[PDB]
Amino acid sequence: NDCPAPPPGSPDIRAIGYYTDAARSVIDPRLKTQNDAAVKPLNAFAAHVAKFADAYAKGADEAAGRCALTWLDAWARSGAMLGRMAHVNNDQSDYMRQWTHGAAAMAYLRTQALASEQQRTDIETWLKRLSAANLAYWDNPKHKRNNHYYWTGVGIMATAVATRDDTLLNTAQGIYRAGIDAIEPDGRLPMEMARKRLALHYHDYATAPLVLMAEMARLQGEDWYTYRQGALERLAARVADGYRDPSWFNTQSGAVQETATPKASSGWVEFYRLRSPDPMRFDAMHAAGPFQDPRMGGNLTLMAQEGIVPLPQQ
């Protein structure tokens, strides 16, 4: 078809933190606009490659799959996001590198069947270096391993599965199990409950990468859902309950939750619907779909029914 030109892939990222409160729940409107403008290439790259992967997954559109690889290869050859990370106000640049690597590795995992040998070495070396850089960021103990740590596993996991890297797979499993072990008996995640009016949003947002990592483990013949089975169900059930009634999150966080319907990354329910011992609790969240998130590989509603990786045409 017609593959659009990819934006430049700079090695450096200068994202700007836009929060004004200690709980990171009140947004500075100007810093948000400044950050959105500076990270627009990273978001545009993520949205396009997931869009191309979605079109390839529909079948009879290998051109779209090659277009995603064209975009991934261009950023791989320019060393995108492997340069200097800025630290304006907070570590927003490191977070964008984690999120954008996830989107890139998810797009590669879905379209890898069409990659040329040069594209394979370019992109996989790039995805492996991004994995090492994002992992090294967490060697500092001051960096709190909240949902940011869980989202880091997305890129590492998708790179591990796409390249059959056993050590990267074990690294991902360590991140996944760290999130599962952090769930309290009542189903809470303490660092997400500390977000006041966004406590429910960030319990939702922490579940998304954990579900996606467990779903990618199935591509490797492993059932990560059985690890400490019951904890993920309690967390996911609280999120579904919170969208019906936020009274639990109001009490435990000490703040009245914002009112917002499930969207984007909330589409982990499309996968988790299929695994829960009580799937009907997620009927209301499912009805709010379909769900799309480039940071999770694109159309979650379609991937939950068709599989994450389309079958390569013969």
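The record lists X-ray crystallography as the method behind this PDB entry and 2.10 Å as its resolution.

Going by the annotation in the PDB entry, the name recorded for the chain is poly(beta-D-mannuronate) lyase, with Pandoraea apista given as the source organism. This entry's official PDB title is "Crystal Structure of PL-5 family polysaccharide lyase PanPL from Pandoraea apista at pH3.5 in apo form".

Caption draft 1: Geometry of the environment of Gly65. Along the polypeptide, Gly65 turns up in helix α3 (residues 62–77). By relative accessible area, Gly65 is classed as buried at 0%. Sequence separation between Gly65 and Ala260 is 195 residues; the distance between their C-alpha atoms is 34 Å. In this structure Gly65 touches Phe52, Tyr56, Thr111 and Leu114, once residues within four positions along its chain are discounted.

Caption draft 2: Summary view of the pattern of salt bridges. Enumeration according to the criterion identifies nine salt bridges in this entry. For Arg188, the salt bridge identified is with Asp186, shortest N-O distance 3.0 Å. With a relative accessible area of 26%, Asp186 lands in the partly exposed category. Beyond isolated ion pairs, a larger network of salt bridges with shared partners links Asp241, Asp278 and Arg281.

The rules behind the values
- Sequence order as written determines residue numbers, which begin from 1 on each chain and need not coincide with the entry numbering; residues that lack coordinates are not included.
- As a convention, hydrogens and water are excluded, and side-chain values are obtained from all of the structure's heavy atoms.
- Residues with missing side-chain atoms are left out of burial classes, side-chain pairs and their counts.
- A run of H or I in DSSP counts as a helix once it spans at least four residues, and a run of E counts as a strand once it spans at least two, with each numbered from the N terminus.
- Accessible area is worked out with a 1.4 Å probe on protein chains only. A residue is then buried under 20% of its type maximum, exposed over 50%, and partly exposed in between.
- Contacts are residue-level and defined by heavy atoms, with any inter-residue pair within 4.5 Å sufficient.
- Any carboxyl oxygen of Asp or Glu that lies within 4 Å of a side-chain nitrogen of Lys or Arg is treated as forming a salt bridge with it.

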